[PDB]
Amino acid sequence: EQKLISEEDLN
Amino acid sequence: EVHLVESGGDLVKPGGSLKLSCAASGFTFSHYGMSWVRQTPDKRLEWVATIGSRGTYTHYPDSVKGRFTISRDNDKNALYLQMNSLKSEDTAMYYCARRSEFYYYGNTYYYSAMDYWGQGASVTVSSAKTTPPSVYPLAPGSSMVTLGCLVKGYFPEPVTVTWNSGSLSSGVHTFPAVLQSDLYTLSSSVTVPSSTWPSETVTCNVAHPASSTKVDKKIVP
Amino acid sequence: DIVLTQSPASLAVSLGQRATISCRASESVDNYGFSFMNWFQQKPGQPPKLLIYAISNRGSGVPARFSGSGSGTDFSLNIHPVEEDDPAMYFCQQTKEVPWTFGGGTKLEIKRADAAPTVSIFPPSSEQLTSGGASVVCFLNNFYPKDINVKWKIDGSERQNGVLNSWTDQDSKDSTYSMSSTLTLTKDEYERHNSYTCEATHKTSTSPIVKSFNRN
């Protein structure tokens, strides 16, 4: 899967 | 849904300063890192700033390094861009954008994907004075007819033209303004059936935010 | 810095055809298995719009007609088929490292059938007049291709001063272009002479389309 996300969902 | 609205655009003499603000809404502002990208008349887009979600990390290109500073107030859902020692080269359209990172096959990576942009804020750095434009109607010399408005001698860009306050959208042609010895000039034309004019009014709405101008020249036969 | 070179600079494609814009990078943008290559679409008067991210991922609300390909230092944007809605500016940005530089941009225009310009000529306004000014406006609308030429004749003689030209971007509804030419003169210089003519010469004919009026 490939998708953009928030910096928050990053960690 | 996601809405970013900019403000603070204006004319500024060299060595001056300006503070652009960007109103964010429709998503949890505090979870994303925002950015600012400007575009000059030559159309080239140039990333100028970016701040982290919490607002602790920030970074800029050697371009505005030391003169610009990005900031955010998550409680007020707002992004800001303070500009100092403004050169004429900084004149451009300033946009703010949301950033998204990347989920690549089971892991996460900082990506800096600007997925949403505000309408923009025009910024001009010139010593030239602010001059309202002169709005002149353009009616036929002697099933359809073409009309237009002349907008001469104003500075700086931009101005917004409209016909019948937006009622007339099709058949309209608003051309790019031209630069003539520190004074822009542009025209707009609208074509309508001979049935609607002069039977019904035809007026153009012009406006120069730089000098708080707003003329409504009704075209007459 | 890692500069991107976009080619071609502009492009004309018929409706339903394929449009292929390229983007080449200075250093390698590859990393972790992907590449920080991004494409934006900027329609005139609007803020750029995200089309693709990470080489081939479509942005939200971006139809499959748009696709990205490439690796290392070479990438390209593909639009097949091309629709009326596409004429715009397209940039390719990189984000593998600061500064995150945008490509030069590629202008995409719909290639359509030739069309003759609709010419109109307007006399200085009653106001501009009782203000010491006189500008003769001439509109050349909805024509194709973009290339056109205008000449101003006063009492039968060309003039090359006081003229201001401005082209619009390709219209999205009828793929036609428009141009505005303005001859600006002094009030007395205007009342001096008497017959003003606007003369257009477009690929849609060898015979110039002329419109004029007598100050009378």
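What counts and how
Residues numbered from 1 in each chain as written, not as in the entry; some residues may be left out. Chains lettered and ligands numbered in written order. Heavy atoms only, no water. Domains from an automatic or database assignment. Contact = heavy atoms within 4.5 Å. Buried area = accessible area lost by both parts, 1.4 Å probe. Salt bridge = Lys/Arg side-chain N within 4 Å of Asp/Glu carboxyl O. Polar contact = N/O pair within 3.5 Å; in protein donor to acceptor, adjacent residues only side chain to side chain. Nonpolar A, V, L, I, M, F, W, Y, C, P; charged D, E, K, R; others polar. Helix = DSSP H or I, 4+ residues; strand = E, 2+ residues; numbered from the N terminus. Disulfide = S-S within 2.5 Å.

Structure determination for this PDB entry is given in the record as X-ray crystallography, at a resolution of 2.7 Å.

Student: Account for the domain arrangement of chain C, with residues named and values stated.
Tutor: Residue and element names in this part refer to chain C. Here chain C is partitioned into domain 1 (1–112) and domain 2 (113–216). Each of domain 1 and domain 2 has a C-alpha centre, and these two points are 37 Å apart. Taken together, the contacts link eight residues of domain 1 with eleven residues of domain 2. Carbon and sulfur atoms supply 41% of the area buried between domain 1 and domain 2, which totals about 860 Å² over both sides. Taken as a group, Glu109, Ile110 and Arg112 account for 65% of the area that domain 1 buries against domain 2, more than any other trio of residues on that side. A salt bridge links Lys107 to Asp169; the nearest nitrogen and oxygen atoms lie 3.3 Å apart. On inspection of domain 1 and its partner domain 2, the count reaches four residue pairs in polar contact. The residue makeup of the side of domain 1 that touches domain 2, split by class, is three nonpolar, no polar and five charged.

Student: An account of the interface of chain B and chain C is needed here, citing residue identities and associated values.
Tutor: Accessible area lost upon the coming together of the parts serves often as the stated size of an interface. With 46 residues of chain B at the contact, the number on the chain C side is 47 residues. Across the chain B to chain C interface the summed buried area is about 3700 Å²; carbon plus sulfur atoms make up 69%. Inspection of the chain B/chain C interface yields zero salt bridges. Here chain B and chain C share twelve residue pairs in polar contact between them. Within the residue set of the side of chain B that touches chain C, elements represented by two or more residues are strand 4 (34–39), strand 5 (45–51), strand 9 (92–104), strand 10 (107–117), strand 12 (134–138), strand 13 (144–154), strand 15 (172–174) and strand 17 (184–193) of chain B. Sorting elements by how many residues they give to the side of chain B that touches chain C places strand 10 of chain B first, with eight residues. Partitioning the side of chain B that touches chain C into residue classes produces 24 nonpolar, 15 polar and seven charged.

Student: Give a detailed account of the state of the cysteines, specifying residues and quantitative values.
Tutor: All names here are of chain B. The tally for this structure, following the rule as stated, stands at four disulfides over all chains. Across a sulfur-sulfur distance of 2.0 Å, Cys149 and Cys204 are joined as a disulfide pair. With the S-S dihedral at roughly -95°, the linkage between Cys149 and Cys204 falls on the left-handed side. Of this pair, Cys149 sits in strand 13 while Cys204 sits in strand 18 (residues 203–205); the two residues are 55 residues apart in sequence, bridging distant segments of the chain.

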